[PDB]
Amino acid sequence: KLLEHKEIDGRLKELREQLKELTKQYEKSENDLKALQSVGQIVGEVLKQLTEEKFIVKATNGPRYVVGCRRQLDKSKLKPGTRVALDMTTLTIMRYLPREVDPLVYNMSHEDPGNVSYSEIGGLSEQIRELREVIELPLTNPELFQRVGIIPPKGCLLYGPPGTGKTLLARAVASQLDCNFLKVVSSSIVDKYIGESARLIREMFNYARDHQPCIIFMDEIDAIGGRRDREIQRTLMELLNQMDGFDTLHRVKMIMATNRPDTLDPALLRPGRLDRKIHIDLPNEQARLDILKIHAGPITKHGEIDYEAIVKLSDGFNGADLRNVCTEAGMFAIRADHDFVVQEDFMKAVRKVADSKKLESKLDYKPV
Amino acid sequence: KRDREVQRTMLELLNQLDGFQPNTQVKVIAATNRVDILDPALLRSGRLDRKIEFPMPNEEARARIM
Ligand SMILES: Nc1ncnc2c1ncn2[C@@H]1O[C@H](COP(=O)(O)OP(=O)(O)OP(=O)(O)O)[C@@H](O)[C@H]1O
Ligand SMILES: [Mg+2]
């Protein structure tokens, strides 16, 4: 008798479970239909309050209006520069939002910088120490700075030949410090809309101040930091003004990277904006050996590898050149169908990358 | 090598190809006749790992072409 009872009871249980699921989609349908009745609200930044009731709000890029708080919102918190939402019928203020992220700035913060560590970067121990003293120590350990009274340097700029690792160094700093990191190619900040770039960089610095401890990195800064087309200079003025707005308390730091520091306008080169300069020169003999060891580490070689002879031959090479040496040795192995790599592959790769650098008619490069 | 906008475009090309997590599965191929013009910016070993010279076609190469 228990089989029929179990059949009907299990059917009942399954039916009630399906009924709970069905009531769930019913509630979802009612919730989204109730949502459909909702009406959006116009966003906008605020301005001077004339009285305890009437305020001036600059509705987005549109015109500014004289409006009022609804009835219940705060009055002391509404100061010039608070993002507020406005009704589209009487334009009154309700639901004053914290601030805008400017989704581009969202992208430049939550962008993967890699798992690079200080170990993976080699040959710049002096530069790594300087940068960590300028950007890491003031952030992680401020009490030394405030008690001692030292104004921490606002930012540091990195210059050198292409492929020396400035960007790699910035990536390592981003990856190893548990913080909020901002990186954006300078060329991308420039926009064809009127004055959009100045508002872009203003909102980037506002986000950095909002999301301390925040770190903003500049690569190819000479795109906009170049010597005095019109919007470039207009946004450079905004850059100078905004980063002159760094208050001593702020846990925000600046890194600019470039390949032609001479083109940079001396305006940034002045003290008070960009004090500490770091030169990442072509890797030295021991530096080249260290970089080569780092890059050839994970490869599956067989037998002894004479890194010293390679470093003897690899004159004028940069870190990217050594990475190419490793890659071309790997490709000689892959063409020869060796499951491994030998010293001869590294030899051939060094010679090949040397012929490639022959093409590299690198013009002499000069600091700031 | 170093208008201003062409510079901006080529800087964007440089950093969408070498900096801050490139690669995944995008491979670029570059062709030009004036390699002396480009010099310092793009030709970096990190950016264009291979530099493939196309020589003046050889005797047997010319015969094969015809
Ligand atoms: N000292 C080094 N140790 C290890 N790898 C290095 C070193 N220097 C350069 N490299 C490698 O060479 C390449 C250079 O890339 P990167 O963009 O960091 O160069 P860069 O000199 O900072 O150029 P740019 O300022 O134009 O971005 C990277 O793949 C990096 O891993
Ligand atoms: Mg760089």
# chains A, B, ... in the order shown; residues from 1 in each chain; ligands from 1
call {"tool": "select_by_dssp", "arguments": {"residues": "range 181-336 of chain A", "states": "strand (DSSP E)", "output": "number ranges by chain"}}
result
A: 181-185, 214-219, 252-258, 276-279
call {"tool": "residues_near_ligand", "arguments": {"ligand": "ligand 2", "cutoff": "8 Å", "atoms": "only C-alpha atoms and all ligand atoms", "output": "list in words"}}
result
residues 162, 165, 166, 167, 168, 219, 220, 257, 258 and 259 of chain A; 15 and 19 of chain B
call {"tool": "write_last_selection", "arguments": {"atoms": "N, CA, C and O atoms", "output": "compact mmCIF listing (two decimals), in the first residue's frame"}}
result
# COMPACT_ATOMS: atom_id res chain seq x y z
N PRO A 162 62.84 53.03 -24.81
CA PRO A 162 61.74 52.05 -24.90
C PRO A 162 62.20 50.66 -24.49
O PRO A 162 63.31 50.23 -24.81
N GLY A 165 61.30 49.02 -19.00
CA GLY A 165 60.51 48.43 -17.93
C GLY A 165 59.75 49.40 -17.04
O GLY A 165 59.26 49.00 -15.98
N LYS A 166 59.65 50.66 -17.45
CA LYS A 166 58.89 51.65 -16.69
C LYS A 166 57.46 51.18 -16.49
O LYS A 166 56.95 51.16 -15.36
N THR A 167 56.81 50.78 -17.59
CA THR A 167 55.44 50.28 -17.51
C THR A 167 55.39 48.99 -16.69
O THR A 167 54.46 48.78 -15.90
N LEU A 168 56.38 48.12 -16.87
CA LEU A 168 56.47 46.90 -16.07
C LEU A 168 56.61 47.22 -14.59
O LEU A 168 56.01 46.55 -13.73
N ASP A 219 50.78 56.67 -18.45
CA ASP A 219 51.72 56.14 -19.43
C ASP A 219 51.64 56.96 -20.71
O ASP A 219 50.55 57.32 -21.17
N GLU A 220 52.81 57.23 -21.28
CA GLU A 220 52.94 58.13 -22.42
C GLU A 220 52.31 59.49 -22.12
O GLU A 220 51.45 59.99 -22.85
N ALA A 257 54.72 57.96 -17.07
CA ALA A 257 55.70 57.23 -17.85
C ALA A 257 55.76 57.81 -19.25
O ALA A 257 54.73 58.15 -19.83
N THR A 258 56.97 57.93 -19.79
CA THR A 258 57.15 58.51 -21.11
C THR A 258 58.42 57.95 -21.74
O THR A 258 59.28 57.39 -21.05
N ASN A 259 58.52 58.10 -23.06
CA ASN A 259 59.70 57.65 -23.78
C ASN A 259 60.53 58.82 -24.31
O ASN A 259 61.70 58.62 -24.66
N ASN B 15 50.28 51.30 -26.70
CA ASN B 15 49.92 50.82 -25.37
C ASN B 15 48.76 49.83 -25.37
O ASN B 15 48.63 49.08 -24.40
N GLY B 19 51.46 47.22 -23.32
CA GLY B 19 51.37 47.58 -21.91
C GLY B 19 50.09 47.11 -21.24
O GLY B 19 49.03 47.09 -21.86
call {"tool": "interface_residues", "arguments": {"of": "chain B", "to": "chain A", "cutoff": "10 Å", "atoms": "only C-alpha atoms", "output": "ChimeraX atom specification"}}
result
/B:1-5,7-16,18-22,35-53
call {"tool": "closest_residue", "arguments": {"among": "B:29, B:63, B:17, B:6", "to": "ligand 1", "atoms": "only C-alpha atoms and all ligand atoms"}}
result
B:17
call {"tool": "atom_distance", "arguments": {"atom1": "CA of residue 282 in chain A", "atom2": "atom 29 (O, counted along the ligand's line) of ligand 1"}}
result
14.2 Å
call {"tool": "decode", "arguments": {"residues": "range 51-82 of chain A", "atoms": "N, CA and C atoms", "output": "PDB file, in the first residue's frame"}}
result
ATOM      1  N   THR A  51      18.614  80.178   0.003  1.00  0.00           N
ATOM      2  CA  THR A  51      18.016  80.152   1.331  1.00  0.00           C
ATOM      3  C   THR A  51      18.087  78.718   1.839  1.00  0.00           C
ATOM      4  N   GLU A  52      17.389  78.450   2.943  1.00  0.00           N
ATOM      5  CA  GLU A  52      17.303  77.090   3.460  1.00  0.00           C
ATOM      6  C   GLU A  52      16.449  76.186   2.584  1.00  0.00           C
ATOM      7  N   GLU A  53      15.756  76.740   1.589  1.00  0.00           N
ATOM      8  CA  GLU A  53      14.902  75.944   0.718  1.00  0.00           C
ATOM      9  C   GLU A  53      15.299  75.973  -0.749  1.00  0.00           C
ATOM     10  N   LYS A  54      15.804  77.084  -1.277  1.00  0.00           N
ATOM     11  CA  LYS A  54      16.069  77.220  -2.703  1.00  0.00           C
ATOM     12  C   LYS A  54      17.561  77.083  -2.983  1.00  0.00           C
ATOM     13  N   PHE A  55      17.889  76.234  -3.954  1.00  0.00           N
ATOM     14  CA  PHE A  55      19.251  75.908  -4.343  1.00  0.00           C
ATOM     15  C   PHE A  55      19.395  76.118  -5.844  1.00  0.00           C
ATOM     16  N   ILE A  56      20.642  76.137  -6.306  1.00  0.00           N
ATOM     17  CA  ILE A  56      20.962  76.192  -7.729  1.00  0.00           C
ATOM     18  C   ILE A  56      21.596  74.865  -8.114  1.00  0.00           C
ATOM     19  N   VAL A  57      21.022  74.193  -9.109  1.00  0.00           N
ATOM     20  CA  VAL A  57      21.540  72.906  -9.551  1.00  0.00           C
ATOM     21  C   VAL A  57      21.869  72.980 -11.035  1.00  0.00           C
ATOM     22  N   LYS A  58      23.066  72.504 -11.379  1.00  0.00           N
ATOM     23  CA  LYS A  58      23.517  72.424 -12.766  1.00  0.00           C
ATOM     24  C   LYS A  58      23.169  71.029 -13.292  1.00  0.00           C
ATOM     25  N   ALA A  59      21.987  70.910 -13.894  1.00  0.00           N
ATOM     26  CA  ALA A  59      21.525  69.628 -14.412  1.00  0.00           C
ATOM     27  C   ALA A  59      22.442  69.137 -15.523  1.00  0.00           C
ATOM     28  N   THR A  60      23.207  68.076 -15.236  1.00  0.00           N
ATOM     29  CA  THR A  60      24.238  67.505 -16.106  1.00  0.00           C
ATOM     30  C   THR A  60      24.898  68.544 -17.008  1.00  0.00           C
ATOM     31  N   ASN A  61      25.100  68.205 -18.277  1.00  0.00           N
ATOM     32  CA  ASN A  61      25.611  69.150 -19.261  1.00  0.00           C
ATOM     33  C   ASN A  61      24.579  70.184 -19.673  1.00  0.00           C
ATOM     34  N   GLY A  62      23.319  69.997 -19.290  1.00  0.00           N
ATOM     35  CA  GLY A  62      22.271  70.929 -19.627  1.00  0.00           C
ATOM     36  C   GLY A  62      22.332  72.184 -18.782  1.00  0.00           C
ATOM     37  N   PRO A  63      21.315  73.027 -18.892  1.00  0.00           N
ATOM     38  CA  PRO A  63      21.316  74.309 -18.185  1.00  0.00           C
ATOM     39  C   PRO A  63      21.063  74.113 -16.694  1.00  0.00           C
ATOM     40  N   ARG A  64      21.355  75.160 -15.929  1.00  0.00           N
ATOM     41  CA  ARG A  64      21.186  75.156 -14.482  1.00  0.00           C
ATOM     42  C   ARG A  64      19.846  75.783 -14.124  1.00  0.00           C
ATOM     43  N   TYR A  65      19.263  75.324 -13.023  1.00  0.00           N
ATOM     44  CA  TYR A  65      17.949  75.741 -12.555  1.00  0.00           C
ATOM     45  C   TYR A  65      18.002  76.158 -11.089  1.00  0.00           C
ATOM     46  N   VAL A  66      16.959  76.876 -10.671  1.00  0.00           N
ATOM     47  CA  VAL A  66      16.705  77.186  -9.268  1.00  0.00           C
ATOM     48  C   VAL A  66      15.602  76.265  -8.769  1.00  0.00           C
ATOM     49  N   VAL A  67      15.956  75.360  -7.857  1.00  0.00           N
ATOM     50  CA  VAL A  67      15.058  74.304  -7.404  1.00  0.00           C
ATOM     51  C   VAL A  67      15.033  74.294  -5.882  1.00  0.00           C
ATOM     52  N   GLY A  68      14.359  73.299  -5.312  1.00  0.00           N
ATOM     53  CA  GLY A  68      14.277  73.150  -3.866  1.00  0.00           C
ATOM     54  C   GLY A  68      14.416  71.704  -3.417  1.00  0.00           C
ATOM     55  N   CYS A  69      14.840  71.527  -2.166  1.00  0.00           N
ATOM     56  CA  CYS A  69      14.839  70.209  -1.546  1.00  0.00           C
ATOM     57  C   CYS A  69      13.404  69.748  -1.308  1.00  0.00           C
ATOM     58  N   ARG A  70      13.205  68.427  -1.292  1.00  0.00           N
ATOM     59  CA  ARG A  70      11.842  67.908  -1.337  1.00  0.00           C
ATOM     60  C   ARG A  70      11.026  68.281  -0.103  1.00  0.00           C
ATOM     61  N   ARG A  71      11.226  67.589   1.022  1.00  0.00           N
ATOM     62  CA  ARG A  71      10.854  68.140   2.320  1.00  0.00           C
ATOM     63  C   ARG A  71      11.768  67.610   3.418  1.00  0.00           C
ATOM     64  N   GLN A  72      12.293  66.390   3.233  1.00  0.00           N
ATOM     65  CA  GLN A  72      12.879  65.661   4.352  1.00  0.00           C
ATOM     66  C   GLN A  72      14.391  65.536   4.264  1.00  0.00           C
ATOM     67  N   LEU A  73      14.978  65.795   3.100  1.00  0.00           N
ATOM     68  CA  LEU A  73      16.411  65.605   2.938  1.00  0.00           C
ATOM     69  C   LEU A  73      17.183  66.574   3.825  1.00  0.00           C
ATOM     70  N   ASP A  74      18.465  66.276   4.013  1.00  0.00           N
ATOM     71  CA  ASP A  74      19.341  67.139   4.787  1.00  0.00           C
ATOM     72  C   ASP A  74      19.432  68.514   4.117  1.00  0.00           C
ATOM     73  N   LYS A  75      19.998  69.477   4.842  1.00  0.00           N
ATOM     74  CA  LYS A  75      20.231  70.801   4.280  1.00  0.00           C
ATOM     75  C   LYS A  75      21.689  71.207   4.454  1.00  0.00           C
ATOM     76  N   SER A  76      22.333  70.694   5.503  1.00  0.00           N
ATOM     77  CA  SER A  76      23.722  71.055   5.770  1.00  0.00           C
ATOM     78  C   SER A  76      24.674  70.333   4.821  1.00  0.00           C
ATOM     79  N   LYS A  77      24.297  69.134   4.372  1.00  0.00           N
ATOM     80  CA  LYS A  77      25.190  68.361   3.513  1.00  0.00           C
ATOM     81  C   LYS A  77      25.209  68.887   2.084  1.00  0.00           C
ATOM     82  N   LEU A  78      24.125  69.517   1.634  1.00  0.00           N
ATOM     83  CA  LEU A  78      24.090  70.053   0.278  1.00  0.00           C
ATOM     84  C   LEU A  78      24.957  71.298   0.154  1.00  0.00           C
ATOM     85  N   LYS A  79      26.193  71.105  -0.297  1.00  0.00           N
ATOM     86  CA  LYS A  79      27.164  72.139  -0.592  1.00  0.00           C
ATOM     87  C   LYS A  79      27.516  72.091  -2.073  1.00  0.00           C
ATOM     88  N   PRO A  80      28.000  73.199  -2.652  1.00  0.00           N
ATOM     89  CA  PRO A  80      28.336  73.193  -4.082  1.00  0.00           C
ATOM     90  C   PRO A  80      29.247  72.040  -4.474  1.00  0.00           C
ATOM     91  N   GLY A  81      28.723  71.118  -5.279  1.00  0.00           N
ATOM     92  CA  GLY A  81      29.491  69.972  -5.720  1.00  0.00           C
ATOM     93  C   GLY A  81      28.954  68.640  -5.236  1.00  0.00           C
ATOM     94  N   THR A  82      27.655  68.573  -4.949  1.00  0.00           N
ATOM     95  CA  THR A  82      27.006  67.328  -4.550  1.00  0.00           C
ATOM     96  C   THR A  82      26.101  66.870  -5.683  1.00  0.00           C
TER      97      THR A  82
END
